[PDB]
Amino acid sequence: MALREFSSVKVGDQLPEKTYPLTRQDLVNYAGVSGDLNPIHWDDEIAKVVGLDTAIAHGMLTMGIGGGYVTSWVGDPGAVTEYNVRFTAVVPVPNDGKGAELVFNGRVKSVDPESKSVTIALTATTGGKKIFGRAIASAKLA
């Protein structure tokens, strides 16, 4: 997997859709890996005191996943120059043996030939509801 050629990309191109599964175990793993041990991401009863149905994925976990998504299309993590996300929705992750699924999509929003940069606007949804507001990534292609 190598760096995508710039000359092959046009504005309006759509990225391949990718669906990622996430289970409570992923949430528990991420808590310790990241240091964010806030119990709303792993204790359902705490979720209820603040008004949620169930524990929710960390915002930075879902953003991190987006980073993996964008890097596979680009072809080089080192090529990415920006990644910006507004968090509009929570991502419930039920402890039901299946969990939740996040579906990521993207469209090329802008290109700048002088720098060989592309800017993608992304969308991510769960059960049909968007979890990001403004969500863009840029990279310098080959």
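The first residue of the sequence shown is number 1, and the count goes up from there.
Identify the stretch, either 109-117 or 36-44, whose C-alpha atoms have the larger mean B-factor according to the entry. 109-117 has the higher mean C-alpha B-factor.
Which is higher in the entry, the mean Cα B factor of 92-100 or that of 26-34? So the stretch with the higher mean C-alpha B-factor is 92-100.
Just to confirm, going by the entry's C-alpha B-factors, which of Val85, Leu61, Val49, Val80 comes out highest? Answer, based on the entry's C-alpha B-factors: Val49.
So where's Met1 on the chain's Cα temperature factor ranking, which third? It falls in the top third of the chain.
In terms of the CA temperature factor given in the entry, to which third of its chain does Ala142 belong: lowest, middle or highest? Its C-alpha B-factor belongs to the highest third of this chain's values.
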